[PDB]
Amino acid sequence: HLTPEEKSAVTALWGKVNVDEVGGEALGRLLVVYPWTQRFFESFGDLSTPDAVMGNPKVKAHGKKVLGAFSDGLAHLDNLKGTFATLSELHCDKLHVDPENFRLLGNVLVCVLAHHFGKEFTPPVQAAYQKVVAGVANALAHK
């Protein structure tokens, strides 16, 4: 998976992440950039404008749960398949989420991290995060 220096770089930025906003911004951006994903979140109410999406408290709260799931990934990098087994089951059997969307969300999270960290989100730090988000996407798609 990650080289030790990749791990420390990844871990160092992750510890600084705005836990209240970053997950919400990634989920929000997914809904805005890829609007078909809004189909899965009808229970969230108004998603009819970008402002409405980004400010929606269900988007923010669910986004925080998504971020916690990514964090759990980072806590379990040599066993992503087992970590995400239950979540993979959920997204496939119950939710019917096409797996290409897992890759889209992972990449939107990368954009948000770049957005928040600016020049600190260096090409090598991006490279390491790309490995993480692809691993999480693969793990979610496994079932």
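What we label the rigid core is the largest C-alpha set whose atoms superpose within 1.5 Å from one form to the other. From 1 onward, residues are counted along the sequence shown.
- Of the two segments 126-134 and 13-21, the one whose CA positions lie farther from the displayed form in 5 other deposited structures of this protein, once all are superposed on the rigid core, is 13-21.
- Averaged over their C-alpha atoms, the temperature factors of 78-86 and 24-32 are higher for 78-86.
- Note on 43-51 vs 96-104: mean CA B-factor is higher in 43-51.
- Per the deposited record, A12 carries the highest C-alpha B-factor of all listed residues (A134, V17, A128, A12).
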